[PDB]
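Chains as they are written, first to last, in our numbering: chain G, 285 to 657; chain Z, 285 to 657. Since the structure comes first, as structure tokens, the remarks are kept for the end.
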Ligand SMILES: [Cl-]
Ligand SMILES: [Cl-]
Ligand SMILES: [Cl-]
Ligand SMILES: [Cl-]
Ligand SMILES: [Zn+2]
Ligand SMILES: [Zn+2]
């Protein structure tokens, strides 16, 4: 296989379906990428994650740089060998989780220094160090290091952070290219910033296209703005990105947000929602989410979802899973998580099939009517 | 298959190997029965437990009567259907965990009343109610309800509790026999008591044989007496039991205790040790137990054990499992538990094979030399 080849097989309005071919495997798009390094609640073997239909998983640079450490992972043969997943891995840059999880931070044009939320040890990230860490992990899709823009943001702060992010995108590009092994075997995605401002989104897209990336993420969304606003921003933002490269919506999200984002040209998604939901008792179904802890499920012998093809729905009852989750059993979290991740993959498959067949608009309508009935 | 048929295929000294045929399947003896209802740390699907080699699992009446409740389980089709295990299940009587886990207790000749350690709700167990609950669960091997003897015990208290236990054994026998569906489809085991006193052990064995049971447990051991004393008690106690029925050592235990107990005529074992050990970081190996949390394993790419045939040892490194357990990940507990349960099954298989081949004495010697090297 090639290092990277994105091919669009079919289109419907702004929606696209196709494939990304990489050395470690093919990724079907639109794609959902489950998190493979979720704190505390990692509950599935790699074979199980693959069985749900996932083509690629996401690794968190921030968590991995703290435990077990990036240099250690490299010594042990890289992240694929370490965790036992041989297909593509996308790594985030670490920047977002520094801002959201670390205890103290000092930000500058060079990068950020921070204290671990685990033991208060001191660490550093910069465009160069982030790219280096993602190299040590051996990830297949590397994210450029950017500076987060909180929500809401003033026009001035949105502009400043977008501008810094574009300077950092060039630094990321150069760091990636200067490492032969990484440049020849991995891909690099840039991240569009600009908050809710169309002019800043345009400047960011133009800067990123001038530098040139293998894919383009829409950053700065799913940070509390609400679906209406997120959709409004996607409406103008996605068409600014190169049409012939994948479009990645970071941190999204809920099933309806995914459907609407595909309607607006997005090809790739990640979110902790399905994995985190599991242990907390939330199961996704075609008739909307349910909370399995609710007493109404205590004697319900039906599967979590009536149509779901997953191994959990083939074998396990709502009543048993209700009991396991109530009783604080590890197995309850395992079953909920396997189902939720599988549900998301079945959603993506239905999206892909409907675009290929020219009936995605109808699917989106039918999906919403039932999911929110 | 028959309701119950124990057949001894080979012997070596006091050790025996054979099979128990029951309606739901065959159990190879000597057998280890993993707990299927362990509080909080249940971390394996039934298919995985079966894959380790387990022929039968143990269910805890005390836990199940509190959550989800015995009547509820019966309404949902019985414990096999509820939890998804279609092979034999042995249930304990509930009596031991009442004494060890419940907050307040009132004991009498009729039984025991107690408060749940979960919510202080009031509950009751008696020979009749225990047998009824085990019927509602639908277990295949039902344990008679007895009265626990703490360690150490005075001769008078050991005698009193043994005598009450024998009265309760007759009540258990009669309750079991009076329930047609249970009597025709399940088996009933009696429990020998008498603490460390040979004369009381003899009286207990005689009383149990007069009543007649499908199998005989040696109760009152593994309660803090130490291996030397446990072995001394087994030396005289096991030969008092009917030779042609299975001998079950409740709550044992460590690998060397299991080997020594087989040398003394024991056919069946249960212990939470392998399952509890997992999340706490203890892995059993042929070279003795290790604690995977130890820093020495952080870069160790070898499997937990060099010869273990389990799926964990085929795929996973010590370094990864070390990381998962340190990081508090559910998957770490899953992997440790699968390996430990599989290790125990491989131990039992080696014991069975060695008895069949007349080389169990040699196996026991070789096992100990390596395990304690
Ligand atoms: Cl602001
Ligand atoms: Cl419950
Ligand atoms: Cl006493
Ligand atoms: Cl670690
Ligand atoms: Zn499902
Ligand atoms: Zn193993």
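Beta carbons are placed, not taken as given, at the ideal position from N, Cα and C, and that holds for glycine.
query, result
"Residue 503 of chain Z, buried or exposed, once every other Cβ within 10 Å from all chains shown has been counted against 16", "buried"
"Residues, ordered as in the chain, of the stretch 337-357 of chain G that lie near chain Z by beta-carbon distance below 8 angstroms", "351, 352, 356"
"Contacting positions in the stretch 361-375 of chain Z - beta carbon closer than 7 angstroms to chain G", "366, 367, 368"
"Under 5 angstroms, CB to nearest heavy atom of ligand 3: contacting residues", "Z:437, Z:438, Z:441"
"Straight-line gap, residue 559 of chain Z to residue 383 of chain G (C-alpha atoms, nearest Å)", "39 angstroms"
"Stretch-stretch touch, CB-based, cutoff 8 angstroms, three pairs: the stretch 320-331 of chain Z with the stretch 566-576 of chain G", "no"
"Residue 398 of chain Z versus residue 351 of chain Z: straight-line alpha-carbon distance, rounded", "15 angstroms"
"Partner residues on chain B for residue 420 of chain Z, Cβ-Cβ distance less than 9 angstroms", "Any reference to chain B falls outside this structure, whose protein chains are G and Z."
"Around ligand 2, Cβ to any heavy atom closer than 6 angstroms, ordered along the chain", "G:607, G:610, G:611, Z:351, Z:352"
"Check: residue 536 of chain G C-beta below 7 angstroms from any heavy atom of ligand 5", "no"
"For residue 400 of chain G and residue 386 of chain G, the rounded distance between their alpha carbons", "5 angstroms"
"Assigned secondary structure, residue 357 of chain G (DSSP; H/G/I helix, E/B strand, else coil)", "helix"
"CB of residue 673 of chain Z within 8 angstroms of CB of residue 525 of chain Z, strictly", "Lying before the first or after the last residue shown, residue 673 of chain Z is absent from chain Z, which here runs from 285 to 657."
"Where the beta strand (DSSP E) containing residue 457 of chain Z begins and where it ends", "Per DSSP, residue 457 of chain Z belongs to no beta strand (DSSP E); it is in the alpha helix (DSSP H), 439-461."
"C-beta contact flag for residue 425 of chain G and residue 493 of chain G at 8 angstroms", "no"
"Rounded C-alpha distance that separates residue 499 of chain G from residue 552 of chain G", "10 angstroms"
"7 angstroms CB neighbourhood of residue 311 of chain G in its chain, flanking five on each side removed", "303, 304, 339, 340, 372"
"Residues that residue 475 of chain Z bridges to, as DSSP identifies them", "Z:501"
"Extent of the continuous alpha helix (DSSP H) run through residue 546 of chain Z", "539-546"
"Any non-hydrogen atom of ligand 5 within 7 angstroms of residue 581 of chain G CB", "no"
"Beta carbon of residue 506 of chain G nearer than 8 angstroms to that of residue 536 of chain G", "yes"
"Backbone CA spacing between residue 447 of chain G and residue 453 of chain G [nearest angstrom]", "10 angstroms"
"Distance, residue 381 of chain G Cα to residue 429 of chain G Cα", "12 angstroms"
"DSSP bridge partner residues for residue 390 of chain Z (one or two, in chain order)", "Z:397"
"Residue burial classification, residue 622 of chain Z (beta-carbon count within 10 angstroms, cutoff 16)", "buried"
"Proximal residues to residue 378 of chain G (C-beta, below 6 angstroms), its chain only, five neighbours per side dropped", "345, 346, 409, 414"
"Short-range partners of chain G found in the stretch 555-574 of chain Z, where Cβ spacing is below 9 angstroms", "563"
"Three-state secondary structure (DSSP) of residue 491 of chain G", "helix"
"Contact list for the stretch 609-622 of chain Z against chain G, Cβ threshold 9 angstroms", "610, 611, 612, 613, 614, 615, 616, 617, 618, 619, 621"
"Test: residue 582 of chain G CB closer than 8 angstroms to a CB of chain Z", "yes"
"Exposure label - residue 390 of chain G; buried when at least 16 CB within 10 Å", "exposed"
"Cβ-Cβ distance between residue 358 of chain Z and residue 402 of chain Z below 8 angstroms", "no"
"Contiguous alpha helix (DSSP H) assignments of at least 4 residues, all confined to the stretch 551-619 of chain Z", "557-564, 595-599, 602-610"
"Secondary structure of residue 659 of chain G, DSSP reduced to three states", "The structure shown does not extend to residue 659 of chain G, since chain G is modelled only from 285 through 657, so no value can be given for it."
"Cβ-based burial, residue 354 of chain G [other Cβ within 10 Å; buried from 16]", "buried"
"Any non-hydrogen atom of ligand 5 within 7 angstroms of residue 596 of chain G CB", "yes"
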